[PDB]
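**Student:** My structure file work.cif, mmCIF, N, CA and C atoms, is below:
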```
data_upload
loop_
_atom_site.group_PDB
_atom_site.id
_atom_site.type_symbol
_atom_site.label_atom_id
_atom_site.label_comp_id
_atom_site.auth_asym_id
_atom_site.auth_seq_id
_atom_site.Cartn_x
_atom_site.Cartn_y
_atom_site.Cartn_z
ATOM 1 N N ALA A 41 0.814 -1.218 0.000
ATOM 2 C CA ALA A 41 0.000 0.000 0.000
ATOM 3 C C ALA A 41 0.857 1.283 0.000
ATOM 4 N N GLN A 42 0.510 2.250 -0.868
ATOM 5 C CA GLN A 42 1.228 3.520 -0.933
ATOM 6 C C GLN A 42 0.477 4.702 -0.311
ATOM 7 N N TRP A 43 -0.848 4.631 -0.136
ATOM 8 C CA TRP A 43 -1.544 5.657 0.642
ATOM 9 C C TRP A 43 -2.654 5.055 1.499
ATOM 10 N N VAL A 44 -2.877 5.697 2.644
ATOM 11 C CA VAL A 44 -3.827 5.285 3.668
ATOM 12 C C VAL A 44 -5.030 6.230 3.607
ATOM 13 N N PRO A 45 -6.171 5.773 3.130
ATOM 14 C CA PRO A 45 -7.363 6.621 3.147
ATOM 15 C C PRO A 45 -7.871 6.829 4.560
ATOM 16 N N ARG A 46 -8.317 8.052 4.831
ATOM 17 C CA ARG A 46 -8.831 8.403 6.148
ATOM 18 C C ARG A 46 -10.170 7.731 6.412
ATOM 19 N N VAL A 47 -10.404 7.319 7.651
ATOM 20 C CA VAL A 47 -11.609 6.548 7.974
ATOM 21 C C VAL A 47 -12.170 6.967 9.330
ATOM 22 N N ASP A 48 -13.464 7.229 9.370
ATOM 23 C CA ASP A 48 -14.189 7.357 10.620
ATOM 24 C C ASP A 48 -14.934 6.061 10.898
ATOM 25 N N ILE A 49 -15.045 5.704 12.172
ATOM 26 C CA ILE A 49 -15.890 4.580 12.559
ATOM 27 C C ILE A 49 -16.835 5.047 13.660
ATOM 28 N N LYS A 50 -18.125 4.814 13.472
ATOM 29 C CA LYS A 50 -19.149 5.306 14.376
ATOM 30 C C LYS A 50 -19.876 4.122 15.007
ATOM 31 N N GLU A 51 -20.424 4.306 16.220
ATOM 32 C CA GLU A 51 -21.281 3.286 16.833
ATOM 33 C C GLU A 51 -22.664 3.868 17.090
ATOM 34 N N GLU A 52 -23.616 3.490 16.275
ATOM 35 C CA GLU A 52 -25.002 3.871 16.526
ATOM 36 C C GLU A 52 -25.659 2.840 17.448
ATOM 37 N N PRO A 53 -26.935 2.972 17.809
ATOM 38 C CA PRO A 53 -27.481 1.979 18.731
ATOM 39 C C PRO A 53 -27.567 0.574 18.148
ATOM 40 N N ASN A 54 -27.776 0.408 16.830
ATOM 41 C CA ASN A 54 -27.949 -0.914 16.239
ATOM 42 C C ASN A 54 -27.000 -1.219 15.100
ATOM 43 N N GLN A 55 -26.106 -0.306 14.751
ATOM 44 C CA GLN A 55 -25.108 -0.604 13.749
ATOM 45 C C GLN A 55 -23.817 0.103 14.107
ATOM 46 N N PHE A 56 -22.732 -0.407 13.559
ATOM 47 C CA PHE A 56 -21.571 0.434 13.372
ATOM 48 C C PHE A 56 -21.650 1.002 11.968
ATOM 49 N N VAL A 57 -21.064 2.179 11.781
ATOM 50 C CA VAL A 57 -20.947 2.818 10.473
ATOM 51 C C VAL A 57 -19.495 3.183 10.270
ATOM 52 N N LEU A 58 -18.934 2.753 9.147
ATOM 53 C CA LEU A 58 -17.585 3.113 8.746
ATOM 54 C C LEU A 58 -17.691 4.059 7.567
ATOM 55 N N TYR A 59 -17.065 5.233 7.670
ATOM 56 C CA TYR A 59 -16.956 6.165 6.554
ATOM 57 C C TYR A 59 -15.503 6.211 6.085
ATOM 58 N N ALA A 60 -15.302 6.122 4.774
ATOM 59 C CA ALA A 60 -13.980 6.277 4.188
ATOM 60 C C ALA A 60 -13.988 7.404 3.155
ATOM 61 N N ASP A 61 -12.811 7.997 2.928
ATOM 62 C CA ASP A 61 -12.602 9.103 1.988
ATOM 63 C C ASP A 61 -11.820 8.597 0.776
ATOM 64 N N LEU A 62 -12.558 8.140 -0.252
ATOM 65 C CA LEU A 62 -12.009 7.604 -1.500
ATOM 66 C C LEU A 62 -12.533 8.369 -2.714
ATOM 67 N N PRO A 63 -11.985 9.545 -3.010
ATOM 68 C CA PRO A 63 -12.489 10.322 -4.143
ATOM 69 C C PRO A 63 -11.918 9.842 -5.474
ATOM 70 N N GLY A 64 -12.644 10.152 -6.547
ATOM 71 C CA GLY A 64 -12.159 9.812 -7.880
ATOM 72 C C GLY A 64 -11.986 8.335 -8.149
ATOM 73 N N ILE A 65 -12.644 7.471 -7.378
ATOM 74 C CA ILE A 65 -12.555 6.035 -7.602
ATOM 75 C C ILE A 65 -13.962 5.452 -7.567
ATOM 76 N N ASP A 66 -14.378 4.864 -8.689
ATOM 77 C CA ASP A 66 -15.750 4.421 -8.875
ATOM 78 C C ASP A 66 -16.116 3.342 -7.859
ATOM 79 N N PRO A 67 -17.303 3.425 -7.255
ATOM 80 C CA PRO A 67 -17.735 2.380 -6.309
ATOM 81 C C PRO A 67 -17.632 0.971 -6.856
ATOM 82 N N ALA A 68 -17.963 0.770 -8.132
ATOM 83 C CA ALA A 68 -17.804 -0.545 -8.740
ATOM 84 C C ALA A 68 -16.368 -1.050 -8.667
ATOM 85 N N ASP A 69 -15.391 -0.165 -8.438
ATOM 86 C CA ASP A 69 -13.990 -0.555 -8.367
ATOM 87 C C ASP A 69 -13.447 -0.587 -6.935
ATOM 88 N N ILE A 70 -14.331 -0.660 -5.928
ATOM 89 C CA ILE A 70 -13.958 -0.767 -4.516
ATOM 90 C C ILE A 70 -14.271 -2.183 -4.059
ATOM 91 N N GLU A 71 -13.246 -2.965 -3.742
ATOM 92 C CA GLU A 71 -13.430 -4.295 -3.171
ATOM 93 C C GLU A 71 -13.510 -4.157 -1.654
ATOM 94 N N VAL A 72 -14.729 -4.158 -1.117
ATOM 95 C CA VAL A 72 -14.947 -4.278 0.324
ATOM 96 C C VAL A 72 -15.437 -5.699 0.601
ATOM 97 N N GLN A 73 -14.521 -6.541 1.064
ATOM 98 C CA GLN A 73 -14.797 -7.933 1.385
ATOM 99 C C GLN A 73 -14.809 -8.152 2.892
ATOM 100 N N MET A 74 -15.692 -9.044 3.325
ATOM 101 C CA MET A 74 -15.860 -9.434 4.720
ATOM 102 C C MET A 74 -15.575 -10.921 4.818
ATOM 103 N N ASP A 75 -14.553 -11.290 5.571
ATOM 104 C CA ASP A 75 -14.093 -12.666 5.547
ATOM 105 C C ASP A 75 -13.549 -13.014 6.929
ATOM 106 N N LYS A 76 -13.918 -14.193 7.442
ATOM 107 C CA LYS A 76 -13.379 -14.669 8.718
ATOM 108 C C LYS A 76 -13.451 -13.577 9.791
ATOM 109 N N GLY A 77 -14.571 -12.857 9.829
ATOM 110 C CA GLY A 77 -14.766 -11.836 10.835
ATOM 111 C C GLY A 77 -13.991 -10.549 10.626
ATOM 112 N N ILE A 78 -13.413 -10.310 9.438
ATOM 113 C CA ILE A 78 -12.544 -9.149 9.225
ATOM 114 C C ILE A 78 -12.989 -8.375 7.980
ATOM 115 N N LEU A 79 -13.267 -7.075 8.151
ATOM 116 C CA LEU A 79 -13.778 -6.213 7.080
ATOM 117 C C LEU A 79 -12.608 -5.529 6.395
ATOM 118 N N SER A 80 -12.482 -5.751 5.086
ATOM 119 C CA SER A 80 -11.330 -5.311 4.310
ATOM 120 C C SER A 80 -11.782 -4.335 3.234
ATOM 121 N N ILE A 81 -11.069 -3.219 3.093
ATOM 122 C CA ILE A 81 -11.386 -2.189 2.103
ATOM 123 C C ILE A 81 -10.210 -2.088 1.139
ATOM 124 N N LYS A 82 -10.451 -2.371 -0.138
ATOM 125 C CA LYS A 82 -9.336 -2.598 -1.050
ATOM 126 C C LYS A 82 -9.612 -1.928 -2.389
ATOM 127 N N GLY A 83 -8.540 -1.659 -3.111
ATOM 128 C CA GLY A 83 -8.648 -1.120 -4.447
ATOM 129 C C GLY A 83 -7.401 -0.329 -4.786
ATOM 130 N N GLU A 84 -7.501 0.413 -5.876
ATOM 131 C CA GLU A 84 -6.403 1.294 -6.211
ATOM 132 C C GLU A 84 -6.963 2.493 -6.956
ATOM 133 N N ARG A 85 -6.312 3.634 -6.747
ATOM 134 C CA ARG A 85 -6.672 4.899 -7.371
ATOM 135 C C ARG A 85 -5.539 5.373 -8.277
ATOM 136 N N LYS A 86 -5.878 5.766 -9.497
ATOM 137 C CA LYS A 86 -4.880 6.224 -10.452
ATOM 138 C C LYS A 86 -5.230 7.646 -10.865
ATOM 139 N N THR A 87 -4.377 8.600 -10.496
ATOM 140 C CA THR A 87 -4.475 9.962 -11.006
ATOM 141 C C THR A 87 -3.521 10.103 -12.188
ATOM 142 N N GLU A 88 -3.935 10.910 -13.175
ATOM 143 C CA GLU A 88 -3.238 11.067 -14.452
ATOM 144 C C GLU A 88 -1.830 11.617 -14.248
ATOM 145 N N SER A 89 -1.350 11.565 -13.009
ATOM 146 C CA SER A 89 -0.185 12.313 -12.563
ATOM 147 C C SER A 89 1.110 11.496 -12.579
ATOM 148 N N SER A 90 1.252 10.547 -13.508
ATOM 149 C CA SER A 90 2.543 9.911 -13.763
ATOM 150 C C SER A 90 2.637 9.428 -15.207
ATOM 151 N N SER A 91 1.486 9.183 -15.848
ATOM 152 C CA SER A 91 1.499 8.865 -17.276
ATOM 153 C C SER A 91 1.806 10.100 -18.122
ATOM 154 N N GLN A 92 1.461 11.294 -17.622
ATOM 155 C CA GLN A 92 1.813 12.564 -18.257
ATOM 156 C C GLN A 92 2.254 13.555 -17.172
ATOM 157 N N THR A 93 3.304 13.195 -16.423
ATOM 158 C CA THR A 93 3.674 13.958 -15.229
ATOM 159 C C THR A 93 4.295 15.319 -15.561
ATOM 160 N N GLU A 94 5.061 15.424 -16.654
ATOM 161 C CA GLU A 94 5.767 16.673 -16.956
ATOM 162 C C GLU A 94 4.819 17.835 -17.267
ATOM 163 N N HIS A 95 3.564 17.556 -17.610
ATOM 164 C CA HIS A 95 2.587 18.598 -17.884
ATOM 165 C C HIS A 95 1.965 19.177 -16.615
ATOM 166 N N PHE A 96 2.284 18.625 -15.440
ATOM 167 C CA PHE A 96 1.629 19.006 -14.191
ATOM 168 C C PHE A 96 2.438 20.078 -13.486
ATOM 169 N N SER A 97 1.901 21.292 -13.438
ATOM 170 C CA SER A 97 2.571 22.368 -12.732
ATOM 171 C C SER A 97 2.564 22.154 -11.237
ATOM 172 N N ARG A 98 1.693 21.291 -10.735
ATOM 173 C CA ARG A 98 1.451 21.223 -9.299
ATOM 174 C C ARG A 98 0.822 19.882 -8.969
ATOM 175 N N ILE A 99 1.480 19.106 -8.121
ATOM 176 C CA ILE A 99 0.966 17.816 -7.691
ATOM 177 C C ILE A 99 0.674 17.885 -6.206
ATOM 178 N N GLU A 100 -0.502 17.477 -5.818
ATOM 179 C CA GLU A 100 -0.741 17.290 -4.394
ATOM 180 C C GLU A 100 -1.552 16.050 -4.067
ATOM 181 N N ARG A 101 -2.446 15.599 -4.944
ATOM 182 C CA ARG A 101 -3.362 14.521 -4.614
ATOM 183 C C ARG A 101 -2.629 13.202 -4.483
ATOM 184 N N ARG A 102 -3.027 12.418 -3.489
ATOM 185 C CA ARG A 102 -2.399 11.134 -3.233
ATOM 186 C C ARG A 102 -2.946 10.090 -4.203
ATOM 187 N N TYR A 103 -2.076 9.190 -4.657
ATOM 188 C CA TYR A 103 -2.447 8.199 -5.659
ATOM 189 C C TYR A 103 -1.874 6.840 -5.291
ATOM 190 N N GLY A 104 -2.413 5.798 -5.919
ATOM 191 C CA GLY A 104 -1.897 4.462 -5.692
ATOM 192 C C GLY A 104 -2.857 3.437 -5.112
ATOM 193 N N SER A 105 -2.313 2.343 -4.579
ATOM 194 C CA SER A 105 -3.089 1.222 -4.064
ATOM 195 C C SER A 105 -3.350 1.389 -2.574
ATOM 196 N N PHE A 106 -4.448 0.814 -2.099
ATOM 197 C CA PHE A 106 -4.781 0.928 -0.684
ATOM 198 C C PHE A 106 -5.411 -0.358 -0.183
ATOM 199 N N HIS A 107 -5.322 -0.551 1.132
ATOM 200 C CA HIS A 107 -5.804 -1.773 1.751
ATOM 201 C C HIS A 107 -5.923 -1.600 3.258
ATOM 202 N N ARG A 108 -7.113 -1.253 3.741
ATOM 203 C CA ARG A 108 -7.382 -1.121 5.165
ATOM 204 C C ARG A 108 -8.194 -2.316 5.629
ATOM 205 N N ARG A 109 -7.840 -2.868 6.792
ATOM 206 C CA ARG A 109 -8.560 -3.996 7.381
ATOM 207 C C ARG A 109 -8.974 -3.675 8.816
ATOM 208 N N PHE A 110 -10.229 -3.970 9.163
ATOM 209 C CA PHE A 110 -10.790 -3.592 10.449
ATOM 210 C C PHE A 110 -11.440 -4.778 11.136
ATOM 211 N N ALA A 111 -11.163 -4.928 12.444
ATOM 212 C CA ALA A 111 -11.653 -6.073 13.216
ATOM 213 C C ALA A 111 -13.081 -5.837 13.686
ATOM 214 N N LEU A 112 -13.963 -6.729 13.360
ATOM 215 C CA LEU A 112 -15.292 -6.365 13.824
ATOM 216 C C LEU A 112 -15.586 -6.918 15.208
ATOM 217 N N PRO A 113 -16.280 -6.136 16.036
ATOM 218 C CA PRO A 113 -16.754 -6.639 17.329
ATOM 219 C C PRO A 113 -17.660 -7.832 17.121
ATOM 220 N N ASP A 114 -17.705 -8.706 18.135
ATOM 221 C CA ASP A 114 -18.571 -9.871 18.055
ATOM 222 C C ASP A 114 -20.035 -9.525 18.126
ATOM 223 N N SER A 115 -20.388 -8.261 18.320
ATOM 224 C CA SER A 115 -21.781 -7.874 18.167
ATOM 225 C C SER A 115 -22.133 -7.509 16.734
ATOM 226 N N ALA A 116 -21.153 -7.346 15.857
ATOM 227 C CA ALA A 116 -21.458 -7.093 14.454
ATOM 228 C C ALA A 116 -22.012 -8.342 13.776
ATOM 229 N N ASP A 117 -22.973 -8.149 12.888
ATOM 230 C CA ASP A 117 -23.652 -9.252 12.212
ATOM 231 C C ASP A 117 -23.203 -9.266 10.755
ATOM 232 N N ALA A 118 -22.117 -9.996 10.493
ATOM 233 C CA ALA A 118 -21.374 -9.846 9.244
ATOM 234 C C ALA A 118 -22.223 -10.152 8.022
ATOM 235 N N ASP A 119 -23.192 -11.048 8.158
ATOM 236 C CA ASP A 119 -24.038 -11.423 7.037
ATOM 237 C C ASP A 119 -25.041 -10.341 6.671
ATOM 238 N N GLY A 120 -25.120 -9.255 7.434
ATOM 239 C CA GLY A 120 -26.016 -8.155 7.112
ATOM 240 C C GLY A 120 -25.352 -6.871 6.673
ATOM 241 N N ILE A 121 -24.039 -6.869 6.447
ATOM 242 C CA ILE A 121 -23.321 -5.670 6.047
ATOM 243 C C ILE A 121 -23.793 -5.171 4.691
ATOM 244 N N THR A 122 -24.011 -3.858 4.610
ATOM 245 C CA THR A 122 -24.325 -3.154 3.376
ATOM 246 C C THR A 122 -23.398 -1.953 3.232
ATOM 247 N N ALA A 123 -23.180 -1.547 1.987
ATOM 248 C CA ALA A 123 -22.289 -0.442 1.688
ATOM 249 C C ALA A 123 -22.864 0.355 0.529
ATOM 250 N N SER A 124 -22.595 1.661 0.534
ATOM 251 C CA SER A 124 -23.021 2.556 -0.536
ATOM 252 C C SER A 124 -22.030 3.710 -0.603
ATOM 253 N N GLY A 125 -22.087 4.451 -1.707
ATOM 254 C CA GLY A 125 -21.099 5.472 -2.000
ATOM 255 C C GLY A 125 -21.694 6.646 -2.740
ATOM 256 N N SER A 126 -21.263 7.849 -2.389
ATOM 257 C CA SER A 126 -21.815 9.055 -2.989
ATOM 258 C C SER A 126 -20.804 10.164 -2.781
ATOM 259 N N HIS A 127 -20.515 10.900 -3.848
ATOM 260 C CA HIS A 127 -19.618 12.044 -3.781
ATOM 261 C C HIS A 127 -18.240 11.654 -3.253
ATOM 262 N N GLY A 128 -17.789 10.454 -3.617
ATOM 263 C CA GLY A 128 -16.468 10.013 -3.231
ATOM 264 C C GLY A 128 -16.310 9.526 -1.804
ATOM 265 N N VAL A 129 -17.399 9.288 -1.068
ATOM 266 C CA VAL A 129 -17.311 8.762 0.292
ATOM 267 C C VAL A 129 -17.889 7.358 0.319
ATOM 268 N N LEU A 130 -17.186 6.445 0.960
ATOM 269 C CA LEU A 130 -17.665 5.087 1.133
ATOM 270 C C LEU A 130 -18.304 4.964 2.506
ATOM 271 N N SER A 131 -19.595 4.644 2.534
ATOM 272 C CA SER A 131 -20.282 4.278 3.766
ATOM 273 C C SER A 131 -20.463 2.758 3.809
ATOM 274 N N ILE A 132 -20.014 2.135 4.895
ATOM 275 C CA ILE A 132 -20.247 0.716 5.148
ATOM 276 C C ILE A 132 -21.148 0.619 6.379
ATOM 277 N N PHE A 133 -22.299 -0.006 6.215
ATOM 278 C CA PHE A 133 -23.238 -0.148 7.316
ATOM 279 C C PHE A 133 -23.163 -1.569 7.856
ATOM 280 N N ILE A 134 -22.890 -1.675 9.147
ATOM 281 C CA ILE A 134 -22.585 -2.923 9.827
ATOM 282 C C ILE A 134 -23.628 -3.134 10.916
ATOM 283 N N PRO A 135 -24.691 -3.886 10.621
ATOM 284 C CA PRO A 135 -25.708 -4.221 11.638
ATOM 285 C C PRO A 135 -25.134 -4.870 12.881
ATOM 286 N N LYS A 136 -25.829 -4.698 13.998
ATOM 287 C CA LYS A 136 -25.454 -5.399 15.219
ATOM 288 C C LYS A 136 -26.313 -6.647 15.380
ATOM 289 N N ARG A 137 -25.717 -7.718 15.917
ATOM 290 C CA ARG A 137 -26.494 -8.923 16.199
ATOM 291 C C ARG A 137 -27.654 -8.577 17.118
ATOM 292 N N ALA A 138 -28.763 -9.278 16.934
ATOM 293 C CA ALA A 138 -29.866 -9.126 17.866
ATOM 294 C C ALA A 138 -29.484 -9.714 19.214
ATOM 295 N N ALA A 139 -29.992 -9.094 20.267
ATOM 296 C CA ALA A 139 -29.688 -9.544 21.615
ATOM 297 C C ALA A 139 -30.380 -10.871 21.919
ATOM 298 N N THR A 140 -29.644 -11.797 22.514
ATOM 299 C CA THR A 140 -30.163 -13.136 22.758
ATOM 300 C C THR A 140 -31.335 -13.116 23.721
ATOM 301 N N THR A 141 -32.439 -13.602 23.261
ATOM 302 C CA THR A 141 -33.655 -13.580 24.042
ATOM 303 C C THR A 141 -33.595 -14.638 25.150
ATOM 304 N N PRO A 142 -33.866 -14.252 26.406
ATOM 305 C CA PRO A 142 -33.645 -15.131 27.565
ATOM 306 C C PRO A 142 -34.759 -16.145 27.766
ATOM 307 N N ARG A 143 -34.422 -17.404 27.603
ATOM 308 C CA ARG A 143 -35.409 -18.464 27.590
ATOM 309 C C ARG A 143 -35.317 -19.251 28.889
ATOM 310 N N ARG A 144 -36.285 -20.138 29.069
ATOM 311 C CA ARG A 144 -36.161 -21.257 29.990
ATOM 312 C C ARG A 144 -36.487 -22.499 29.191
ATOM 313 N N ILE A 145 -35.535 -23.417 29.091
ATOM 314 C CA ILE A 145 -35.678 -24.577 28.222
ATOM 315 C C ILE A 145 -36.479 -25.647 28.957
ATOM 316 N N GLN A 146 -37.629 -26.021 28.412
ATOM 317 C CA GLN A 146 -38.374 -27.105 29.031
ATOM 318 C C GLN A 146 -37.800 -28.431 28.552
ATOM 319 N N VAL A 147 -37.927 -29.451 29.389
ATOM 320 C CA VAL A 147 -37.180 -30.688 29.239
ATOM 321 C C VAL A 147 -38.129 -31.768 28.734
ATOM 322 N N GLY A 148 -37.794 -32.383 27.595
ATOM 323 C CA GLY A 148 -38.575 -33.479 27.047
ATOM 324 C C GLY A 148 -38.232 -34.837 27.656
ATOM 325 N N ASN A 149 -39.009 -35.850 27.267
ATOM 326 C CA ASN A 149 -38.905 -37.168 27.897
ATOM 327 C C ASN A 149 -38.636 -38.319 26.927
#
```
Would you write out, as structure tokens, the structure that this file holds?
**Tutor:**
Amino acid sequence: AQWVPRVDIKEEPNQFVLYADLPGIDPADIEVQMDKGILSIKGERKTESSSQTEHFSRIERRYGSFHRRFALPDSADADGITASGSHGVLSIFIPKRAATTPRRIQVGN
């Protein structure tokens, strides 16, 4: 990885929300995979700033490949994760597991 995208992580009452700052990179080209309890944000961003670098009077934007991985709490419900993107921001919505309902197990014969 050559650049680290900035990320906020929020805890609402029933979900966690992860926000990432990935501008100029199409959502269809963002690999957000959830595997073995670990949420991974992957892809690469290419700015026209090396294929025609000598024409650039001024470089500041960060470019290259990225790969952030985040450990989910055991209250996260990985099979319900949803993600969406708008104006270059990645929102990942991470539902929380439902609270275990307290039973009394009756005994069969």
**Student:** Nearest to residue A:59: which of A:115, A:126, A:90, A:141 is it, counting only C-alpha atoms?
**Tutor:** A:126
**Student:** Take atom C of residue A:75 and atom CA of residue A:118 and report the distance between them in Å, one decimal.
**Tutor:**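 Atom CA of residue A:118 lies 8.8 Å from atom C of residue A:75.
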**Student:** By how many Å are atom CA of residue A:79 and atom CA of residue A:119 apart?
**Tutor:**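 Separating atom CA of residue A:79 from atom CA of residue A:119 is a distance of 11.5 Å.
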**Student:** Output the residue selection produced by the PyMOL selection byres (((chain A and resi 84 and name CA) around 12) and name CA) on the file above, formatted as a tab-separated table (two decimals) with N, CA and C atoms, in the coordinates of the input.
**Tutor:**
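What landed in result_30.tsv:
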```tsv
chain	number	residue	atom	x	y	z
A	41	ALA	N	0.81	-1.22	0.00
A	41	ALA	CA	0.00	0.00	0.00
A	41	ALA	C	0.86	1.28	0.00
A	42	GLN	N	0.51	2.25	-0.87
A	42	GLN	CA	1.23	3.52	-0.93
A	42	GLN	C	0.48	4.70	-0.31
A	43	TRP	N	-0.85	4.63	-0.14
A	43	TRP	CA	-1.54	5.66	0.64
A	43	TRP	C	-2.65	5.06	1.50
A	44	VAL	N	-2.88	5.70	2.64
A	44	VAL	CA	-3.83	5.28	3.67
A	44	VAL	C	-5.03	6.23	3.61
A	45	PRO	N	-6.17	5.77	3.13
A	45	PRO	CA	-7.36	6.62	3.15
A	45	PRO	C	-7.87	6.83	4.56
A	62	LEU	N	-12.56	8.14	-0.25
A	62	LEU	CA	-12.01	7.60	-1.50
A	62	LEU	C	-12.53	8.37	-2.71
A	63	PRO	N	-11.98	9.54	-3.01
A	63	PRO	CA	-12.49	10.32	-4.14
A	63	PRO	C	-11.92	9.84	-5.47
A	64	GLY	N	-12.64	10.15	-6.55
A	64	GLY	CA	-12.16	9.81	-7.88
A	64	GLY	C	-11.99	8.34	-8.15
A	65	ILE	N	-12.64	7.47	-7.38
A	65	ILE	CA	-12.56	6.04	-7.60
A	65	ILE	C	-13.96	5.45	-7.57
A	66	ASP	N	-14.38	4.86	-8.69
A	66	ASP	CA	-15.75	4.42	-8.88
A	66	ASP	C	-16.12	3.34	-7.86
A	67	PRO	N	-17.30	3.42	-7.26
A	67	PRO	CA	-17.74	2.38	-6.31
A	67	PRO	C	-17.63	0.97	-6.86
A	68	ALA	N	-17.96	0.77	-8.13
A	68	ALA	CA	-17.80	-0.55	-8.74
A	68	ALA	C	-16.37	-1.05	-8.67
A	69	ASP	N	-15.39	-0.16	-8.44
A	69	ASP	CA	-13.99	-0.56	-8.37
A	69	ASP	C	-13.45	-0.59	-6.94
A	70	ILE	N	-14.33	-0.66	-5.93
A	70	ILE	CA	-13.96	-0.77	-4.52
A	70	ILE	C	-14.27	-2.18	-4.06
A	71	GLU	N	-13.25	-2.96	-3.74
A	71	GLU	CA	-13.43	-4.30	-3.17
A	71	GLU	C	-13.51	-4.16	-1.65
A	81	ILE	N	-11.07	-3.22	3.09
A	81	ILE	CA	-11.39	-2.19	2.10
A	81	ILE	C	-10.21	-2.09	1.14
A	82	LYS	N	-10.45	-2.37	-0.14
A	82	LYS	CA	-9.34	-2.60	-1.05
A	82	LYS	C	-9.61	-1.93	-2.39
A	83	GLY	N	-8.54	-1.66	-3.11
A	83	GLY	CA	-8.65	-1.12	-4.45
A	83	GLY	C	-7.40	-0.33	-4.79
A	85	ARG	N	-6.31	3.63	-6.75
A	85	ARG	CA	-6.67	4.90	-7.37
A	85	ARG	C	-5.54	5.37	-8.28
A	86	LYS	N	-5.88	5.77	-9.50
A	86	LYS	CA	-4.88	6.22	-10.45
A	86	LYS	C	-5.23	7.65	-10.86
A	87	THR	N	-4.38	8.60	-10.50
A	87	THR	CA	-4.47	9.96	-11.01
A	87	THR	C	-3.52	10.10	-12.19
A	102	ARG	N	-3.03	12.42	-3.49
A	102	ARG	CA	-2.40	11.13	-3.23
A	102	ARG	C	-2.95	10.09	-4.20
A	103	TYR	N	-2.08	9.19	-4.66
A	103	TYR	CA	-2.45	8.20	-5.66
A	103	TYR	C	-1.87	6.84	-5.29
A	104	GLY	N	-2.41	5.80	-5.92
A	104	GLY	CA	-1.90	4.46	-5.69
A	104	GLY	C	-2.86	3.44	-5.11
A	105	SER	N	-2.31	2.34	-4.58
A	105	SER	CA	-3.09	1.22	-4.06
A	105	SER	C	-3.35	1.39	-2.57
A	106	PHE	N	-4.45	0.81	-2.10
A	106	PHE	CA	-4.78	0.93	-0.68
A	106	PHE	C	-5.41	-0.36	-0.18
A	107	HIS	N	-5.32	-0.55	1.13
A	107	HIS	CA	-5.80	-1.77	1.75
A	107	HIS	C	-5.92	-1.60	3.26
A	108	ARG	N	-7.11	-1.25	3.74
A	108	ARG	CA	-7.38	-1.12	5.16
A	108	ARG	C	-8.19	-2.32	5.63
```
**Student:** Please compute the atom N of residue A:80-atom C of residue A:111 distance, one decimal, in Å.
**Tutor:** 8.6 Å
**Student:** Once the PyMOL selection byres ((chain A and resi 132-134) around 6) has been evaluated on this model, what residues remain selected, and can you format them as a list in words?
**Tutor:**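 Applying the expression gives residues 54, 55, 56, 57, 58, 59, 116, 117, 120, 121, 122, 123, 124, 130, 131, 135 and 136 of chain A.
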**Student:** Using DSSP assignments from the backbone, pull out every residue in stretch 42-149 of chain A that falls under strand (DSSP E or B) and give it to me as a count of residues only.
**Tutor:** 47
**Student:** For the helix (DSSP H, G or I) assignment from backbone DSSP, which residues of stretch 68-104 of chain A qualify? Please present them as a list in words.
**Tutor:**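 Written out, the helix (DSSP H, G or I) residues of stretch 68-104 of chain A are residues 68, 69, 93, 94 and 95 of chain A.
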**Student:** From the list A:48, A:53, A:148, A:60, which residue is nearest residue A:128 when using only C-alpha atoms?
**Tutor:**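 Selected residue with least distance to residue A:128: A:60.
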